[PDB]
Amino acid sequence: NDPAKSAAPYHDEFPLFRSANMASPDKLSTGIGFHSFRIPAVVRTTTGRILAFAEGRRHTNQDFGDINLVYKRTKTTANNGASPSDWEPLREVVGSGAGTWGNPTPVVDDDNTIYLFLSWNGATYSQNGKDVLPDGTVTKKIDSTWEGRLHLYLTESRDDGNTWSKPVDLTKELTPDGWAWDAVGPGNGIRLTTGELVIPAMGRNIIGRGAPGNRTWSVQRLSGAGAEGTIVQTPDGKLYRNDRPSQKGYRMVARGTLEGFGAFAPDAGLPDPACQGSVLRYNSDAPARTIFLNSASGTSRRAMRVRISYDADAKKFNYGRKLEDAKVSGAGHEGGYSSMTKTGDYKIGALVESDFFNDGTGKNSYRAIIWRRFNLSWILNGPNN
Ligand SMILES: CC(=O)N[C@H]1[C@H]([C@H](O)[C@H](O)CO)OC(C(=O)O)=C[C@@H]1O
Ligand code: NA
């Protein structure tokens, strides 16, 4: 029932963000390097250029301390990132000593303005507090003070990702008062058939209305949403939140419109180990498809599975295909956060976290990011369907 299964299967994959332990580790032009890269996000722009974002975690793999927001672009608008030589060297969206810049959540607007929502916190604060920094300082716990809370920032590019504006703090506008912890995405926002932008965040969606690249933002509060959410517009044109659960088990899904959402409920078809996932609107003509990617396991992040739903409301996803069927060598053990885009040559492009595990669950375990391309035929020709 899917003509794509008859096309020749295609896959290729290679490390795109190379951690400090690897040959040719990724460093900025300034010489600044990174122990680990985590928290991927990818979008294809209106030109066809692909922009890949990540957190550059300077000294360890930990969520706190000196973390910068880094990126790579495809060298041209037409190369579709097919091989390592198609990608530019590492660049920086925003960096700094005193800050923790993370949670890249991009969305491409009609005018090709690429918006990138981001989180910021102080480099001396952490989620739990009392964590040890490289210099032996102990962090303070994230709190509701201006200095100590998670901020929500916005930067954009008007030149196809070549340069980025100094990020603007939108916390007072788009984060509820009295909040301490926060998250936006991470992964991506979307543009609706009806023209609005929707960016998933902790307990809310951020809605963009008005002129492309000159949007008015507002907050849609959600009941029972997760901290790390994904959003897609399903074939029926409705909205679909698919969120990381607070405890290991299953993805938490809710459906709605810009007028409001129904309740979140576990999707028993989508096991999840309490980790971020990604979702992608593929096409609208028969057969319409939504793509989903996470670790398909209640316990482990190393069960990465890409799936297709043919449902108008994405009610059920197929078994799909295990990413390990096309394993990458020399970049650690694949599994974790992910982000997906369509490419100009009819593939799906996916960024996927990978972990060398050289320090076990400890702070010195190097983390890299894999770039995969595969077509629908590759997914559909999986042996476990
Ligand atoms: C530090 C931060 O801003 N987000 C972190 C997030 C958070 O701790 C919470 O558990 C999610 O809801 O979890 C993870 C994780 O790999 O599990 C990575 C993120 O960097
Ligand atoms: Na930083």
Side-chain angles (χ1 to χ4, degrees), residues 38-43 53 55 63 102-107 115-119 127 150-154 170-171 174-176 179-192 196-208 217-234 238-267 269-281 290-295 301 307 309 313-314 317 336-341 350-351 353:
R38 287 208 56 212
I39 326 301
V42 65
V43 291
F53 304 86
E55 287 180 20
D63 297 347
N103 286 156
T105 310
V107 58
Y115 283 121
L116 179 71
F117 286 88
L118 292 177
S119 296
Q127 187 164 22
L150 265 283
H151 290 233
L152 177 67
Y153 272 88
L154 180 65
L170 295 184
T171 302
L174 301 176
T175 310
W179 281 32
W181 191 251
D182 192 27
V184 58
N188 69 277
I190 61 176
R191 190 264 199 196
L192 307 182
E196 303 87 351
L197 302 185
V198 187
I199 305 90
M202 165 171 153
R204 70 207 194 279
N205 292 321
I206 296 162
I207 312 305
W217 309 109
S218 61
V219 179
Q220 172 184 50
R221 301 297 288 273
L222 304 169
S223 297
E228 291 168 296
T230 74
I231 187 86
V232 85
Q233 190 179 22
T234 45
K238 305 209 167 187
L239 306 182
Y240 169 97
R241 276 284 297 239
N242 179 315
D243 287 14
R244 164 175 173 166
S246 68
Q247 317 294 331
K248 292 181 175 191
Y250 304 92
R251 303 296 300 181
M252 302 290 290
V253 171
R255 291 169 180 84
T257 68
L258 296 172
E259 296 189 309
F261 277 70
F264 279 82
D267 186 331
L270 300 180
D272 185 272
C275 185
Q276 177 267 20
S278 54
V279 70
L280 172 70
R281 175 176 174 106
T290 308
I291 319 297
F292 183 73
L293 175 59
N294 85 324
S295 183
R301 290 186 177 190
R307 310 167 183 260
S309 182
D313 60 352
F317 283 85
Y337 286 40
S338 62
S339 188
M340 295 186 285
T341 184
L351 295 170
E353 292 191 320

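Residue numbers run from 1 in the order of the sequence given. When reading the values below, keep in mind they use all heavy atoms of this one structure, side chains included, and skip hydrogens, waters and symmetry mates.
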Only counting residues at least two apart or in another chain, list the ones meeting side chain to side chain contact (heavy atoms under 4.5 Å, CB included) with [X].
| X | result |
| --- | --- |
| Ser295 | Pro273, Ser297, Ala303, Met304 |
| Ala263 | none |
| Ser218 | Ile207, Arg209 |
| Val232 | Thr234, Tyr240, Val279, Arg281, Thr290 |

Set of residues satisfying salt bridge (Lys or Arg N to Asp or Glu O under 4.0 Å) with respect to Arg38, sequence neighbours excluded |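 Partners of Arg38 by the salt bridge (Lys or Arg N to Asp or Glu O under 4.0 Å) criterion, ordered by chain and then number, come out as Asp63, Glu353.
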Determine the interplanar angle of the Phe117 and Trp217 rings, folded into 0 to 90°, and report it as parallel if under 30°, tilted if 30 to 60°, perpendicular if over 60°.
->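 It falls in the perpendicular class, over 60°.
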Under the side-chain contact (heavy atoms from CB on, under 4.5 Å) criterion, do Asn242 and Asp267 qualify, and how do the steps go?
-> CA-CA 9 Å; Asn242 179 315; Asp267 186 331; 5.6 Å; no
Do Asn205 and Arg241 meet the criterion of a side-chain donor-acceptor pair at a distance under 3.5 Å?
->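 Per modelled atom types, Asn205 and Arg241 side chains form a pair under 3.5 Å.
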State, yes or no, whether a side-chain contact exists between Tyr115 and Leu154 at a heavy-atom distance under 4.5 Å.
-> yes
Hey, could you give me each pair passing side chain to side chain donor-acceptor pair (under 3.5 Å) that has a residue in residues 181-190? Not counting sequence neighbours.
-> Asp182-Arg204
Rounding to 0.5 Å, atoms NZ (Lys248) and CG (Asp272) come to a distance of 10.0 Å
Reported CZ-to-CZ distance for the pair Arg251 and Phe264, which is rounded to 0.5 angstrom |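 Going from the CZ atom of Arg251 to the CZ atom of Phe264 covers 10.5 Å.
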Backbone N or O of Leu152 within a donor-acceptor pair of the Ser119 side chain at under 3.5 Å?
-> no
